[PDB]
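Listing of upload.txt, compact mmCIF, C-alpha atoms and all ligand atoms
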```
# COMPACT_ATOMS: atom_id res chain seq x y z
CA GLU A 2655 24.76 -10.41 -31.66
CA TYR A 2656 22.52 -7.84 -29.97
CA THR A 2657 23.57 -7.05 -26.41
CA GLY A 2658 21.09 -6.66 -23.54
CA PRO A 2659 20.14 -2.98 -23.79
CA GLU A 2660 20.95 -2.77 -27.51
CA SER A 2661 18.26 -5.30 -28.45
CA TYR A 2662 15.71 -3.46 -26.30
CA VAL A 2663 16.57 -0.18 -28.02
CA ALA A 2664 16.19 -1.98 -31.35
CA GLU A 2665 12.65 -3.08 -30.53
CA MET A 2666 11.80 0.41 -29.25
CA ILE A 2667 12.99 1.83 -32.57
CA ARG A 2668 10.92 -0.73 -34.47
CA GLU A 2669 8.00 0.22 -32.20
CA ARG A 2670 8.22 3.91 -33.24
CA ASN A 2671 8.61 4.85 -29.58
CA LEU A 2672 10.79 7.55 -28.02
CA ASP A 2673 10.38 6.70 -24.33
CA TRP A 2674 13.97 5.42 -24.01
CA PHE A 2675 15.39 8.97 -24.17
CA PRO A 2676 16.27 10.44 -20.75
CA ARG A 2677 14.10 13.43 -19.86
CA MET A 2678 14.81 15.91 -17.04
CA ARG A 2679 16.89 13.27 -15.25
CA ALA A 2680 20.65 12.89 -14.93
CA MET A 2681 22.65 10.23 -13.11
CA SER A 2682 25.05 12.83 -11.69
CA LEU A 2683 22.17 14.54 -9.87
CA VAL A 2684 20.62 11.25 -8.72
CA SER A 2685 23.98 10.33 -7.13
CA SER A 2686 22.98 12.19 -3.91
CA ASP A 2687 21.81 9.52 -1.37
CA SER A 2688 20.72 12.33 1.03
CA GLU A 2689 21.41 10.03 4.05
CA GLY A 2690 18.58 7.78 2.77
CA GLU A 2691 17.69 4.22 3.92
CA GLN A 2692 17.57 5.74 7.43
CA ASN A 2693 13.81 5.20 7.22
CA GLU A 2694 14.34 1.52 6.38
CA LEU A 2695 16.65 1.03 9.36
CA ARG A 2696 14.19 2.89 11.61
CA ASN A 2697 11.30 0.75 10.36
CA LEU A 2698 13.15 -2.53 10.90
CA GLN A 2699 14.29 -1.37 14.35
CA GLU A 2700 10.75 -0.41 15.37
CA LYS A 2701 9.54 -3.90 14.49
CA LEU A 2702 12.57 -5.35 16.29
CA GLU A 2703 11.52 -3.66 19.52
CA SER A 2704 7.99 -4.70 18.57
CA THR A 2705 9.50 -8.18 18.30
CA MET A 2706 10.47 -7.58 21.94
CA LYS A 2707 6.77 -8.21 22.67
CA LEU A 2708 7.17 -11.97 22.23
CA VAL A 2709 10.70 -11.78 23.66
CA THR A 2710 9.47 -10.32 26.96
CA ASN A 2711 6.07 -12.04 27.20
CA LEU A 2712 7.69 -15.46 27.42
CA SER A 2713 9.74 -14.11 30.33
CA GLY A 2714 6.67 -12.51 31.89
CA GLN A 2715 4.57 -15.67 31.83
CA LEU A 2716 7.44 -17.95 32.89
CA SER A 2717 8.02 -15.64 35.85
CA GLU A 2718 4.35 -15.23 36.71
CA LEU A 2719 3.23 -18.86 36.85
CA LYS A 2720 6.11 -19.55 39.24
CA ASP A 2721 5.13 -16.42 41.17
CA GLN A 2722 1.50 -17.52 41.41
CA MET A 2723 2.37 -21.06 42.52
CA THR A 2724 4.71 -19.56 45.12
CA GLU A 2725 1.84 -17.25 46.12
CA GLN A 2726 -0.44 -20.28 46.40
CA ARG A 2727 2.15 -21.85 48.70
CA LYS A 2728 2.18 -18.58 50.65
CA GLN A 2729 -1.62 -18.71 50.88
CA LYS A 2730 -1.16 -22.22 52.25
CA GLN A 2731 1.32 -20.80 54.81
CA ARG A 2732 -1.74 -19.06 56.29
CA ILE A 2733 -4.78 -21.23 55.54
CA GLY A 2734 -3.21 -24.61 56.33
CA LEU A 2735 -1.41 -23.35 59.43
CA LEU A 2736 -4.63 -21.72 60.64
CA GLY A 2737 -6.42 -25.06 61.09
CA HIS A 2738 -3.37 -26.98 62.35
CA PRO A 2739 -3.08 -25.67 65.97
CA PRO A 2740 -5.46 -27.43 68.37
CA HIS A 2741 -8.01 -25.95 70.76
CA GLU B 2655 55.40 33.30 7.30
CA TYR B 2656 52.36 31.99 5.45
CA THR B 2657 49.43 31.20 7.74
CA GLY B 2658 47.25 28.09 7.36
CA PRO B 2659 44.63 29.25 4.85
CA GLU B 2660 46.91 31.89 3.32
CA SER B 2661 49.43 29.32 2.10
CA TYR B 2662 46.63 27.21 0.61
CA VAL B 2663 45.27 30.24 -1.24
CA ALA B 2664 48.81 30.91 -2.47
CA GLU B 2665 49.10 27.45 -4.01
CA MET B 2666 45.63 27.77 -5.53
CA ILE B 2667 46.72 31.04 -7.14
CA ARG B 2668 49.90 29.40 -8.44
CA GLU B 2669 47.70 26.55 -9.71
CA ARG B 2670 45.58 28.96 -11.83
CA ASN B 2671 42.48 27.72 -10.01
CA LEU B 2672 39.42 29.69 -8.89
CA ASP B 2673 37.65 27.04 -6.79
CA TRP B 2674 38.41 28.84 -3.50
CA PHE B 2675 35.83 31.56 -4.25
CA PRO B 2676 32.48 31.04 -2.47
CA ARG B 2677 29.64 30.40 -4.90
CA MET B 2678 25.92 30.55 -4.03
CA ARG B 2679 26.75 29.87 -0.38
CA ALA B 2680 26.83 32.20 2.62
CA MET B 2681 27.66 31.43 6.24
CA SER B 2682 24.77 33.57 7.48
CA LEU B 2683 22.28 31.35 5.64
CA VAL B 2684 24.02 28.12 6.70
CA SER B 2685 23.68 29.24 10.35
CA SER B 2686 20.16 27.67 10.51
CA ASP B 2687 20.52 24.27 12.30
CA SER B 2688 16.82 23.51 11.52
CA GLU B 2689 16.59 21.34 14.70
CA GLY B 2690 19.13 18.97 13.07
CA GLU B 2691 21.07 16.08 14.72
CA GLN B 2692 17.63 14.83 15.81
CA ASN B 2693 18.17 12.02 13.31
CA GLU B 2694 21.51 11.15 14.94
CA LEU B 2695 19.93 10.98 18.40
CA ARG B 2696 17.05 8.90 17.02
CA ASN B 2697 19.49 6.52 15.30
CA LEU B 2698 21.61 6.04 18.42
CA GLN B 2699 18.49 5.55 20.54
CA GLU B 2700 17.09 2.94 18.16
CA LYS B 2701 20.30 0.94 18.45
CA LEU B 2702 20.23 1.46 22.23
CA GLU B 2703 16.83 -0.22 22.45
CA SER B 2704 18.24 -2.70 19.94
CA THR B 2705 21.05 -3.09 22.47
CA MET B 2706 18.22 -4.05 24.83
CA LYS B 2707 18.22 -7.36 22.92
CA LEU B 2708 21.35 -8.57 24.71
CA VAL B 2709 20.27 -6.73 27.87
CA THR B 2710 17.02 -8.70 28.11
CA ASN B 2711 18.15 -12.03 26.64
CA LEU B 2712 20.60 -12.57 29.49
CA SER B 2713 17.68 -12.04 31.87
CA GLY B 2714 15.45 -14.32 29.81
CA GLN B 2715 17.88 -17.23 29.77
CA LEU B 2716 18.91 -16.80 33.42
CA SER B 2717 15.23 -16.90 34.35
CA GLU B 2718 14.35 -19.78 32.04
CA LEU B 2719 17.01 -22.32 33.02
CA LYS B 2720 15.97 -21.85 36.65
CA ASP B 2721 12.34 -22.14 35.55
CA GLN B 2722 13.01 -25.36 33.64
CA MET B 2723 14.97 -26.95 36.49
CA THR B 2724 12.13 -25.98 38.84
CA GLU B 2725 9.73 -27.49 36.29
CA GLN B 2726 11.84 -30.66 36.24
CA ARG B 2727 11.53 -30.76 40.03
CA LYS B 2728 7.77 -30.27 39.58
CA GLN B 2729 7.72 -33.16 37.10
CA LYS B 2730 9.48 -35.18 39.79
CA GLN B 2731 6.74 -34.11 42.25
CA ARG B 2732 4.45 -36.28 40.09
CA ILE B 2733 6.58 -39.04 38.56
CA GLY B 2734 8.63 -39.90 41.65
CA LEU B 2735 5.65 -39.68 44.01
CA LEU B 2736 3.62 -41.87 41.64
CA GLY B 2737 5.85 -44.91 42.17
CA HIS B 2738 6.48 -44.30 45.89
CA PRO B 2739 3.13 -45.42 47.43
CA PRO B 2740 2.89 -49.19 47.87
CA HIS B 2741 0.20 -51.60 46.68
CA CA A 2801 23.71 -12.50 -26.83
CA CA A 2802 53.83 29.02 10.14
```

Re-express the file's structure as structure tokens.
Ligand SMILES: [Ca+2]
Ligand SMILES: [Ca+2]
Amino acid sequence: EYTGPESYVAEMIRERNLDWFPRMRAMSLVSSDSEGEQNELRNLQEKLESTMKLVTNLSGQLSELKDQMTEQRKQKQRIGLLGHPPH
Amino acid sequence: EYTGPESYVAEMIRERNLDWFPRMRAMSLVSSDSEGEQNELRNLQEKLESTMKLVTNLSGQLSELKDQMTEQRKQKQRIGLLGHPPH
């Protein structure tokens, strides 16, 4: 009928080990937080705006092929209409 | 005629409590700032460029449906004009 931690302590006792005693650490002092996790949120956010790379490149290319075909039509506006008028 | 803090000190005295005495803290040392709040500005800014998600997705979709209808017209430029010439 050993519980979870109780069985583990039992094997540590049978192992002649004393590493399960707390040393220079208390839960009341660890309960501080110190506005932590902020680094995790910053790191995920930095990748999220780094994810904006693929978000904005699709827009850039979809705009630019249309722009370049329109620019080809504009180039036609000059080159085709140059040879159209007679002499 | 008790003032704000004076009344509170009065009830602490009647409570036989000594927790209103400063201990290991001085205002002159707390007056440091240490370029603080920088984390708050960084956190708001990171969300603001995370707010750029919705700012740029509206642009992306408004560009892309126009691009895809133009591309459908371009697909017509081929498929419709393939079956138009006679034999
Ligand atoms: Ca059990
Ligand atoms: Ca009063």

Review point. Using only C-alpha atoms and all ligand atoms, what are the residues with an atom within 12 Å of ligand CA 2801 (chain A), set out as a list in words?
Key: residues 2655, 2656, 2657, 2658, 2659, 2660 and 2661 of chain A

Practice item. Compute the chain A side of the contact with chain B at 7 Å, counting only C-alpha atoms, and hand it back as an MDAnalysis selection string. Key: chainID A and resid 2699 2703 2713 2716

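The interatomic distance for the pair atom CA of residue 2720 of chain A and atom CA of residue 2708 of chain B works out to 23.7 Å.
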
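In this structure, atom CA of residue 2691 of chain A sits 21.2 Å away from atom CA of residue 2679 of chain A.
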
Point to revise | For atom CA of residue 2731 of chain A and atom CA of residue 2735 of chain B, the interatomic separation in Å (one decimal) | key: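 These atoms are spaced 22.2 Å apart.
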